[PDB]
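Enquirer: Mind having a look at this structure? Questions to follow.
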Amino acid sequence: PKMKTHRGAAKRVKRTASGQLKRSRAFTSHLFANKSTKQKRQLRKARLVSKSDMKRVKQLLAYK
Amino acid sequence: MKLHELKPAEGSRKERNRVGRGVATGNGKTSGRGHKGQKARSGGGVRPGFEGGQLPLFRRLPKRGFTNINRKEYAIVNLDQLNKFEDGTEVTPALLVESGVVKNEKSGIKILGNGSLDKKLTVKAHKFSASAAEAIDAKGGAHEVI
Amino acid sequence: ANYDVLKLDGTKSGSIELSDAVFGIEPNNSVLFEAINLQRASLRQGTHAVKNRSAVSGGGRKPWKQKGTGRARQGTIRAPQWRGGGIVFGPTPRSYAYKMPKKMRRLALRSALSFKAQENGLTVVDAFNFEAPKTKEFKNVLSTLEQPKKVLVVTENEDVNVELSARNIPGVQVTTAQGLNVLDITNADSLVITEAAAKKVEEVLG
Amino acid sequence: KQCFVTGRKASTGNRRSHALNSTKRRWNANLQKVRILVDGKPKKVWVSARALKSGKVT
RNA sequence: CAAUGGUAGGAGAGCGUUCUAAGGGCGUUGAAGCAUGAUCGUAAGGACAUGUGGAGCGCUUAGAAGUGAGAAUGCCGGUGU
RNA sequence: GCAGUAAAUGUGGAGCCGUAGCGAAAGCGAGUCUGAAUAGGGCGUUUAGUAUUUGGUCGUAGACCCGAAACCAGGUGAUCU
RNA sequence: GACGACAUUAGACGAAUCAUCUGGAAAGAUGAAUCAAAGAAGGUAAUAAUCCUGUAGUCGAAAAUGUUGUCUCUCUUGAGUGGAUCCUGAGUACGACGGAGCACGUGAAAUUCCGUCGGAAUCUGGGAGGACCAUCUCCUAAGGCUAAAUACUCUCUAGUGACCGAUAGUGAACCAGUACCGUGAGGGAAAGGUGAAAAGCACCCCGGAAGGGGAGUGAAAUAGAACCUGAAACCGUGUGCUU
């Protein structure tokens, strides 16, 4: 039948123009007293899903 | 071409790989699945995204954002896509449809500015960008927002 | 371009002009092949079906205990290795038909028709005017028109008497101008088109 | 065991726990045995206490 | 002029079995099977002759698959020690 | 869907994908987001896509075959004990 | 009830071929014809459009049915305008508690149902528009009936299949849910093929018989009833070369 989508993932990544996936960052919910001011604005950004992981999740987000 | 001498297009067809039929084929005994483990079993393999119990990527990462259930996104027509019309002519949402420059009209029409007119004509659309407005007027011609 | 119009007798009457965008293109053998394969596959009915290990009668009891007997471990008398057991992955009821883009379907009818016009197998006749169904007479028409054992006759709309006359001549099929199909034009070694059907086929296919 | 008048009868559902563990349960009507006037002759029958809230003659 | 051991494994080219479409053929002046033979190709394999056999079957091109067995203390049937 | 022979095929333009992206979003647009910034950085902008199909994989299906210890529902049985 | 109309549970008619060759027999081969609204198909001593049953086409019911045109027949009020009053579905809506249902896991949780307690309005009213309200828009609950498009095939009728050909295809082509097994629920097989025609071997010989060997039937009897073809494992009898 029609293949489904990892709804848990569709809420975490936006698809970018060259087919990349823009992801949000980790280590950013609490315990900020234990992280530096440098770590915090360099975590206030967006990175791209790495090619290693992409090869593992290509189909979980095929319809995005 | 005759029905008893036909030929398929070159390189268009290929015989598929039957598995588990003799050693000479190169996929004889284990059928290309290695020796043991889940990969070697029927209906085996592992669910995609699974990482051997390591926390999967898409739970290491946080969700963000929402969806504005009511978006106004428009079928866009570029500046250079308007030089398929003529001089002094009038462009309208439905002319952008008969000529076939816009298929679905989404929630309206929006003129953006990329190329050039080489023309002088009036228009009538739903929304405009600055550069689009400026470039309709340099050559002359109005833009009656509807 | 200009094909000779003959009478049912074979004597030249007039001349007609069929375009080269319909009866004179270069045949795409890649598109014509894919179209023939399509038609041949849409004729399959696919009513093959066997029974697996769930549909064979009975077979629910472990035939003997798992350990202790000296026999191989078995779980049902209807397993695939057993005489009388379920089939693994055989035929299932299915269809075999597919589709091609519309424009490609049109280049395949034109290619068959253009192939026919290259091999000189397109005889445009003016009309047929048969008033009663009689097979000896259609056989005559074809022999006086020197048409090969295999010919496809094309009328304008349904011509009842022309159809009832060629149903039994072995090797002749009768078709309307709209019901032209590739498998039929490509089997036929010769064609015989009514001038009205010839102008209709030029309008539709180009 | 229905109410003679309305029909209020029993119904099944779930007993759910703090951990949302489910067990099947039932809900019965407050059926009371009352002598009412049926088919002329007085007769004892089960009738709900909501049907006796207003309307029944014992 | 250089290269050619090879297992898990990747790639390519192919040989065979049944059926279908078309074309072209063979068949009581003996088909398919079966048996024998000292024959041909690089291999999967292909012919030819002679016997038994008493009716179907090849070849070319292309399509589809219940397509290839030596092992599963495999299943069924025969026959051994 | 409708017509047609359980064919081709004809018709049917709801839809779908592409021609634009960026942002959580409002929005803005060959840019946009962040930012006080006209700075820097992120992602973009140099058109090529799309329909059907052969092949390779993957998902959902028992999904390469065989094989448990076992679980649950409805029935049969105190002629042995 | 009373008249018709096609269709369906028997059926009827239905074109056109002869000769030679090989053969046990031709439908084959060869030559010369013919019909076709019929060259679908199955038979026939081999492979048949013209031999047979049929096919295309046409025709056809005493009756007993579905079906349908009508004729009856049986039923029977259609509107507007005011609007002062009146009426418009109660233990109901709805709320609380516990549950269930909504794609929606109690959640901001609408919309909706069940059990348990409460419990309303009557147009100057009531419900809905996903907590929600105010306003707007839509609707008018708590009584009832309703064909079509839709799902399925124990059957029956006609037909189709790049579906299977006897370890397959039904478990079952064959007196099969039967031998058989079990106390019982239940489980559950194996087994088609002489030839064209039975022409199924008159008599004789050995033998008690089973068998056999002649003769005869047949194209063929290593086609003789366990009967078409008859592989391999396996068992024999000879021997050329070896030990």
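Simple scheme: letters A, B, ... for chains in structure tokens order, numbers from 1 for residues in each chain, numbers from 1 for ligands in the order shown.
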Using DSSP assignments from the backbone, pull out every residue in chain C that falls under helix (DSSP H, G or I) and give it to me as a ChimeraX atom specification.
Expert: /C:29-42,102-118,135-144,160-166,182-187,195-204
Enquirer: Skipping near chain neighbours, those fewer than 3 positions away, what residues fall within 10 Å of residue 68 (chain F) using only C-alpha atoms (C1' of nucleotides), listed as a VMD selection string?
Expert: chain C and resid 66 73 75
Enquirer: Using only C-alpha atoms (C1' of nucleotides), which protein or nucleic acid residues come within 12 Å of residue 5 (chain G)? Drop anything in the same chain fewer than 3 positions from it, and give the result as an NGL selection string.
Expert: :G and (67-70)
Enquirer: Pick out the residues sitting within 10 Å of residue 18 (chain E), and hand them over as a VMD selection string; count only C-alpha atoms (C1' of nucleotides), and ignore anything fewer than 3 positions along from it in its own chain.
Expert: chain E and resid 65 to 67
Enquirer: Separation of CA of residue 126 (chain C) and CA of residue 7 (chain C), in Å?
Expert: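 A separation of 6.2 Å between them.
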Enquirer: Fewer than 6 positions away in the same chain doesn't count, so skip those; otherwise give me all residues within 8 Å of residue 32 (chain C), counting only C-alpha atoms (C1' of nucleotides), as a list in words.
Expert: residues 107, 108, 109, 111, 112 and 182 of chain C
Enquirer: Could you check which of F:78, F:51, F:25, F:16 is closest to chain C, using only C-alpha atoms (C1' of nucleotides)?
Expert: F:51
Enquirer: List as a list in words the protein and nucleic acid residues near region 16-19 of chain D, meaning an atom at most 9 Å away when only C-alpha atoms (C1' of nucleotides) are counted, but skip any in the same chain fewer than 4 places from it.
Expert: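 Here the answer would be residues 23 and 24 of chain D; 99 of chain G.
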Enquirer: Go ahead and dump the residues you just picked, N, CA and C atoms (P, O5', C5', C4', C3', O3' and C1' of nucleotides), as a PDB file, in the first residue's frame.
Expert:
```
ATOM      1  N   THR D  23      -9.715  -3.203  32.490  1.00  0.00           N
ATOM      2  CA  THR D  23     -10.390  -4.457  32.791  1.00  0.00           C
ATOM      3  C   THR D  23     -11.811  -4.196  32.405  1.00  0.00           C
ATOM      4  N   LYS D  24     -12.524  -5.186  31.924  1.00  0.00           N
ATOM      5  CA  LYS D  24     -13.913  -5.008  31.609  1.00  0.00           C
ATOM      6  C   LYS D  24     -14.804  -4.835  32.819  1.00  0.00           C
TER       7      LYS D  24
ATOM      8  P     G G  99     -12.753   6.219  34.782  1.00  0.00           P
ATOM      9  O5'   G G  99     -13.112   5.063  33.755  1.00  0.00           O
ATOM     10  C5'   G G  99     -13.399   5.390  32.397  1.00  0.00           C
ATOM     11  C4'   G G  99     -14.499   4.510  31.870  1.00  0.00           C
ATOM     12  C3'   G G  99     -14.544   4.420  30.358  1.00  0.00           C
ATOM     13  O3'   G G  99     -13.635   3.455  29.860  1.00  0.00           O
ATOM     14  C1'   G G  99     -16.686   4.965  31.149  1.00  0.00           C
TER      15        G G  99
END
```
Enquirer: Determine which residues of chain D DSSP labels as strand (DSSP E) from the backbone of this structure, then write them out as a ChimeraX atom specification.
Expert: /D:11-16,22-27,31-37,42-48
Enquirer: Please, which residues in chain C fall within 12 Å of chain B when counting only C-alpha atoms, and what is the closest atom pair and distance in Å to one decimal for each, ordered by chain then residue number, as JSON lines?
Expert:
```
{"residue": "C:26", "atom": "CA", "partner": "B:1", "partner_atom": "CA", "distance": 11.6}
{"residue": "C:27", "atom": "CA", "partner": "B:1", "partner_atom": "CA", "distance": 8.6}
{"residue": "C:28", "atom": "CA", "partner": "B:9", "partner_atom": "CA", "distance": 9.6}
{"residue": "C:29", "atom": "CA", "partner": "B:1", "partner_atom": "CA", "distance": 7.2}
{"residue": "C:30", "atom": "CA", "partner": "B:9", "partner_atom": "CA", "distance": 4.9}
{"residue": "C:31", "atom": "CA", "partner": "B:9", "partner_atom": "CA", "distance": 8.4}
{"residue": "C:32", "atom": "CA", "partner": "B:1", "partner_atom": "CA", "distance": 8.4}
{"residue": "C:33", "atom": "CA", "partner": "B:8", "partner_atom": "CA", "distance": 6.2}
{"residue": "C:34", "atom": "CA", "partner": "B:8", "partner_atom": "CA", "distance": 7.8}
{"residue": "C:35", "atom": "CA", "partner": "B:8", "partner_atom": "CA", "distance": 11.0}
{"residue": "C:36", "atom": "CA", "partner": "B:3", "partner_atom": "CA", "distance": 8.9}
{"residue": "C:37", "atom": "CA", "partner": "B:8", "partner_atom": "CA", "distance": 9.7}
{"residue": "C:40", "atom": "CA", "partner": "B:3", "partner_atom": "CA", "distance": 11.6}
{"residue": "C:108", "atom": "CA", "partner": "B:1", "partner_atom": "CA", "distance": 11.3}
{"residue": "C:111", "atom": "CA", "partner": "B:1", "partner_atom": "CA", "distance": 9.1}
{"residue": "C:112", "atom": "CA", "partner": "B:1", "partner_atom": "CA", "distance": 7.6}
{"residue": "C:113", "atom": "CA", "partner": "B:1", "partner_atom": "CA", "distance": 10.5}
{"residue": "C:114", "atom": "CA", "partner": "B:1", "partner_atom": "CA", "distance": 10.3}
{"residue": "C:115", "atom": "CA", "partner": "B:1", "partner_atom": "CA", "distance": 6.9}
{"residue": "C:116", "atom": "CA", "partner": "B:1", "partner_atom": "CA", "distance": 8.9}
{"residue": "C:117", "atom": "CA", "partner": "B:1", "partner_atom": "CA", "distance": 11.8}
{"residue": "C:118", "atom": "CA", "partner": "B:1", "partner_atom": "CA", "distance": 10.6}
{"residue": "C:119", "atom": "CA", "partner": "B:1", "partner_atom": "CA", "distance": 9.9}
{"residue": "C:182", "atom": "CA", "partner": "B:3", "partner_atom": "CA", "distance": 10.3}
{"residue": "C:183", "atom": "CA", "partner": "B:3", "partner_atom": "CA", "distance": 8.2}
{"residue": "C:184", "atom": "CA", "partner": "B:3", "partner_atom": "CA", "distance": 10.0}
{"residue": "C:185", "atom": "CA", "partner": "B:3", "partner_atom": "CA", "distance": 10.0}
{"residue": "C:186", "atom": "CA", "partner": "B:3", "partner_atom": "CA", "distance": 6.3}
{"residue": "C:187", "atom": "CA", "partner": "B:3", "partner_atom": "CA", "distance": 6.1}
{"residue": "C:188", "atom": "CA", "partner": "B:2", "partner_atom": "CA", "distance": 9.2}
{"residue": "C:189", "atom": "CA", "partner": "B:2", "partner_atom": "CA", "distance": 8.6}
{"residue": "C:190", "atom": "CA", "partner": "B:2", "partner_atom": "CA", "distance": 11.9}
```
Enquirer: Those residues you just picked out, can you put them in a file as a short mmCIF file (atom, residue, chain, number, x, y, z; two decimals), in the first residue's frame with C-alpha atoms?
Expert:
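That gives us result-v9.cif:
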```
data_model
loop_
_atom_site.label_atom_id
_atom_site.label_comp_id
_atom_site.auth_asym_id
_atom_site.auth_seq_id
_atom_site.Cartn_x
_atom_site.Cartn_y
_atom_site.Cartn_z
CA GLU C 26 9.72 8.18 -39.99
CA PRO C 27 8.55 5.31 -37.87
CA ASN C 28 9.82 5.25 -34.25
CA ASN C 29 10.45 1.47 -33.77
CA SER C 30 11.00 2.13 -30.03
CA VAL C 31 7.53 3.63 -29.59
CA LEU C 32 5.81 1.18 -31.94
CA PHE C 33 7.32 -1.75 -30.05
CA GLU C 34 6.26 -0.41 -26.65
CA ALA C 35 2.71 0.12 -28.02
CA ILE C 36 2.48 -3.43 -29.42
CA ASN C 37 3.70 -4.90 -26.15
CA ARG C 40 -0.69 -7.67 -26.25
CA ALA C 108 2.63 4.60 -32.67
CA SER C 111 4.31 4.94 -37.28
CA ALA C 112 2.42 1.82 -38.20
CA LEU C 113 0.52 3.72 -40.85
CA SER C 114 3.65 5.31 -42.20
CA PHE C 115 5.39 2.01 -42.27
CA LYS C 116 2.49 0.70 -44.27
CA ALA C 117 2.80 3.53 -46.78
CA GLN C 118 6.49 2.90 -47.20
CA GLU C 119 6.09 -0.75 -48.07
CA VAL C 182 -1.42 -1.05 -33.90
CA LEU C 183 -1.48 -4.90 -33.50
CA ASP C 184 -4.05 -4.98 -36.38
CA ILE C 185 -2.24 -2.54 -38.81
CA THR C 186 1.09 -4.32 -38.04
CA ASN C 187 -0.20 -7.87 -38.70
CA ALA C 188 -1.93 -6.80 -41.89
CA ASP C 189 0.51 -6.84 -44.84
CA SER C 190 -1.92 -4.68 -46.87
#
```
Enquirer: Can you tell me which residues surround region 46-55 of chain D at a distance of at most 9 Å, considering only C-alpha atoms (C1' of nucleotides), apart from same-chain residues fewer than 6 positions away, and format the answer as a PDB file with C-alpha atoms (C1' of nucleotides), in the first residue's frame?
Expert:
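After the write, around.pdb holds the following:
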```pdb
ATOM      1  CA  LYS D   1     -33.100  -7.384  33.709  1.00  0.00           C
ATOM      2  CA  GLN D   2     -34.490  -4.252  31.984  1.00  0.00           C
ATOM      3  CA  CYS D   3     -36.609  -1.391  33.338  1.00  0.00           C
ATOM      4  CA  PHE D   4     -40.169  -2.251  32.548  1.00  0.00           C
ATOM      5  CA  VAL D   5     -40.998   1.225  31.380  1.00  0.00           C
ATOM      6  CA  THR D   6     -38.009   2.877  29.696  1.00  0.00           C
ATOM      7  CA  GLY D   7     -35.624   0.033  29.017  1.00  0.00           C
ATOM      8  CA  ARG D   8     -32.620   1.230  30.997  1.00  0.00           C
ATOM      9  CA  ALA D  29     -29.555   0.424  36.202  1.00  0.00           C
ATOM     10  CA  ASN D  30     -30.852   1.423  39.660  1.00  0.00           C
ATOM     11  CA  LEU D  31     -33.605  -1.153  39.073  1.00  0.00           C
ATOM     12  CA  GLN D  32     -36.050  -1.365  41.986  1.00  0.00           C
ATOM     13  CA  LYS D  33     -38.869  -3.950  42.384  1.00  0.00           C
ATOM     14  CA  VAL D  34     -42.146  -1.983  42.586  1.00  0.00           C
ATOM     15  CA  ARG D  35     -45.801  -3.074  42.270  1.00  0.00           C
TER      16      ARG D  35
ATOM     17  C1'   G G  91     -37.652  13.722  32.779  1.00  0.00           C
TER      18        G G  91
END
```
Enquirer: So how many Å separate CA of residue 3 (chain A) and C1' of residue 59 (chain F), to one decimal?
Expert: 6.3 Å
Enquirer: Find the distance between CA of residue 110 (chain C) and CA of residue 21 (chain C) and write it in Å to one decimal.
Expert: 8.0 Å
Enquirer: Identify every residue of chain B that has at least one atom within 9 Å of any atom of chain F, counting only C-alpha atoms (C1' of nucleotides), and report the result as a list in words.
Expert: residues 11, 12, 13, 14, 15, 16, 17, 20, 31, 41, 42, 43, 48, 64, 65, 66, 67, 68, 76, 112, 113, 114 and 129 of chain B
Enquirer: Include C-alpha atoms and write out the residues we just selected as a short mmCIF file (atom, residue, chain, number, x, y, z; two decimals), in the first residue's frame.
Expert:
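File written: selection18.cif
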```cif
data_model
loop_
_atom_site.label_atom_id
_atom_site.label_comp_id
_atom_site.auth_asym_id
_atom_site.auth_seq_id
_atom_site.Cartn_x
_atom_site.Cartn_y
_atom_site.Cartn_z
CA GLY B 11 19.34 -1.06 -23.96
CA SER B 12 15.72 -0.55 -22.93
CA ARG B 13 15.20 -4.07 -21.54
CA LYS B 14 17.36 -6.20 -19.19
CA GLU B 15 16.91 -9.77 -17.83
CA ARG B 16 16.37 -9.78 -14.10
CA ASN B 17 18.63 -11.51 -11.60
CA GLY B 20 19.60 -19.05 -5.49
CA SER B 31 21.46 -15.85 -2.24
CA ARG B 41 16.82 -14.56 7.52
CA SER B 42 13.49 -14.32 5.73
CA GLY B 43 11.63 -11.17 6.63
CA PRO B 48 14.77 1.71 8.92
CA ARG B 64 10.34 22.98 16.51
CA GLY B 65 7.70 25.13 14.87
CA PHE B 66 4.06 24.76 13.92
CA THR B 67 1.82 25.12 10.86
CA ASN B 68 -0.29 28.21 10.22
CA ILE B 76 4.05 32.99 -8.80
CA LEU B 112 8.04 38.81 -8.82
CA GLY B 113 10.93 40.47 -10.52
CA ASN B 114 13.69 38.52 -12.22
CA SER B 129 6.69 42.94 -5.24
#
```
Enquirer: Closest to chain E among B:24, B:135, B:46, B:79, using only C-alpha atoms (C1' of nucleotides)?
Expert: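 Nearest to chain E: B:24.
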Enquirer: Determine which residues of chain G sit within 8 Å of chain C, taking into account only C-alpha atoms (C1' of nucleotides), and present them as a PyMOL selection string.
Expert: chain G and resi 36-39+161-163+167+171
Enquirer: For the selection you just gave me, I'd like the residues written to a file as a PDB file, in the first residue's frame, keeping N, CA and C atoms (P, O5', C5', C4', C3', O3' and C1' of nucleotides).
Expert:
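Now in result.pdb:
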```pdb
ATOM      1  P     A G  36     -22.708 -19.035 -50.828  1.00  0.00           P
ATOM      2  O5'   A G  36     -22.017 -18.621 -49.455  1.00  0.00           O
ATOM      3  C5'   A G  36     -22.642 -18.913 -48.196  1.00  0.00           C
ATOM      4  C4'   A G  36     -21.672 -18.684 -47.063  1.00  0.00           C
ATOM      5  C3'   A G  36     -21.131 -17.270 -46.921  1.00  0.00           C
ATOM      6  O3'   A G  36     -22.061 -16.448 -46.229  1.00  0.00           O
ATOM      7  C1'   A G  36     -19.363 -18.829 -46.716  1.00  0.00           C
ATOM      8  P     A G  37     -22.953 -15.417 -47.040  1.00  0.00           P
ATOM      9  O5'   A G  37     -23.061 -14.165 -46.068  1.00  0.00           O
ATOM     10  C5'   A G  37     -21.931 -13.726 -45.310  1.00  0.00           C
ATOM     11  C4'   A G  37     -22.262 -13.662 -43.836  1.00  0.00           C
ATOM     12  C3'   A G  37     -22.544 -14.994 -43.141  1.00  0.00           C
ATOM     13  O3'   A G  37     -21.925 -14.956 -41.866  1.00  0.00           O
ATOM     14  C1'   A G  37     -24.322 -13.514 -42.757  1.00  0.00           C
ATOM     15  P     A G  38     -20.429 -15.457 -41.677  1.00  0.00           P
ATOM     16  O5'   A G  38     -20.619 -16.987 -41.313  1.00  0.00           O
ATOM     17  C5'   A G  38     -20.398 -17.462 -39.977  1.00  0.00           C
ATOM     18  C4'   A G  38     -20.585 -18.956 -39.915  1.00  0.00           C
ATOM     19  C3'   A G  38     -19.506 -19.782 -40.607  1.00  0.00           C
ATOM     20  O3'   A G  38     -19.362 -21.009 -39.910  1.00  0.00           O
ATOM     21  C1'   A G  38     -21.575 -20.287 -41.564  1.00  0.00           C
ATOM     22  P     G G  39     -18.277 -21.170 -38.762  1.00  0.00           P
ATOM     23  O5'   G G  39     -16.905 -20.708 -39.452  1.00  0.00           O
ATOM     24  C5'   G G  39     -16.197 -21.655 -40.285  1.00  0.00           C
ATOM     25  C4'   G G  39     -14.713 -21.424 -40.146  1.00  0.00           C
ATOM     26  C3'   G G  39     -14.279 -19.962 -39.973  1.00  0.00           C
ATOM     27  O3'   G G  39     -13.357 -19.838 -38.897  1.00  0.00           O
ATOM     28  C1'   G G  39     -13.113 -20.955 -41.775  1.00  0.00           C
ATOM     29  P     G G 161     -10.060 -18.737 -24.357  1.00  0.00           P
ATOM     30  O5'   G G 161      -9.096 -18.399 -23.144  1.00  0.00           O
ATOM     31  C5'   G G 161      -8.662 -17.064 -22.938  1.00  0.00           C
ATOM     32  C4'   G G 161      -8.001 -16.888 -21.600  1.00  0.00           C
ATOM     33  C3'   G G 161      -6.709 -17.671 -21.414  1.00  0.00           C
ATOM     34  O3'   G G 161      -5.797 -16.897 -20.651  1.00  0.00           O
ATOM     35  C1'   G G 161      -8.271 -18.321 -19.760  1.00  0.00           C
ATOM     36  P     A G 162      -4.877 -15.806 -21.380  1.00  0.00           P
ATOM     37  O5'   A G 162      -3.430 -16.447 -21.313  1.00  0.00           O
ATOM     38  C5'   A G 162      -2.642 -16.606 -22.481  1.00  0.00           C
ATOM     39  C4'   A G 162      -1.361 -17.315 -22.151  1.00  0.00           C
ATOM     40  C3'   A G 162      -0.806 -17.020 -20.768  1.00  0.00           C
ATOM     41  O3'   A G 162      -1.431 -17.819 -19.782  1.00  0.00           O
ATOM     42  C1'   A G 162       0.919 -16.851 -22.378  1.00  0.00           C
ATOM     43  P     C G 163      -0.979 -17.755 -18.244  1.00  0.00           P
ATOM     44  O5'   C G 163      -1.225 -19.239 -17.730  1.00  0.00           O
ATOM     45  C5'   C G 163      -2.513 -19.828 -17.792  1.00  0.00           C
ATOM     46  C4'   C G 163      -2.821 -20.584 -16.529  1.00  0.00           C
ATOM     47  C3'   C G 163      -2.658 -22.093 -16.572  1.00  0.00           C
ATOM     48  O3'   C G 163      -1.312 -22.521 -16.488  1.00  0.00           O
ATOM     49  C1'   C G 163      -4.674 -21.551 -15.480  1.00  0.00           C
ATOM     50  P     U G 167       0.832 -38.166  -9.944  1.00  0.00           P
ATOM     51  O5'   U G 167       0.649 -36.841  -9.082  1.00  0.00           O
ATOM     52  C5'   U G 167       0.141 -36.892  -7.737  1.00  0.00           C
ATOM     53  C4'   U G 167       1.166 -36.357  -6.764  1.00  0.00           C
ATOM     54  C3'   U G 167       1.828 -35.041  -7.150  1.00  0.00           C
ATOM     55  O3'   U G 167       1.880 -34.152  -6.027  1.00  0.00           O
ATOM     56  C1'   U G 167       3.475 -36.634  -6.654  1.00  0.00           C
ATOM     57  P     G G 171      -6.653 -29.452  -2.024  1.00  0.00           P
ATOM     58  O5'   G G 171      -7.121 -30.737  -1.218  1.00  0.00           O
ATOM     59  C5'   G G 171      -6.182 -31.621  -0.600  1.00  0.00           C
ATOM     60  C4'   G G 171      -6.811 -32.981  -0.497  1.00  0.00           C
ATOM     61  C3'   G G 171      -7.546 -33.436  -1.747  1.00  0.00           C
ATOM     62  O3'   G G 171      -6.625 -34.141  -2.574  1.00  0.00           O
ATOM     63  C1'   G G 171      -8.925 -33.752   0.156  1.00  0.00           C
TER      64        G G 171
END
```
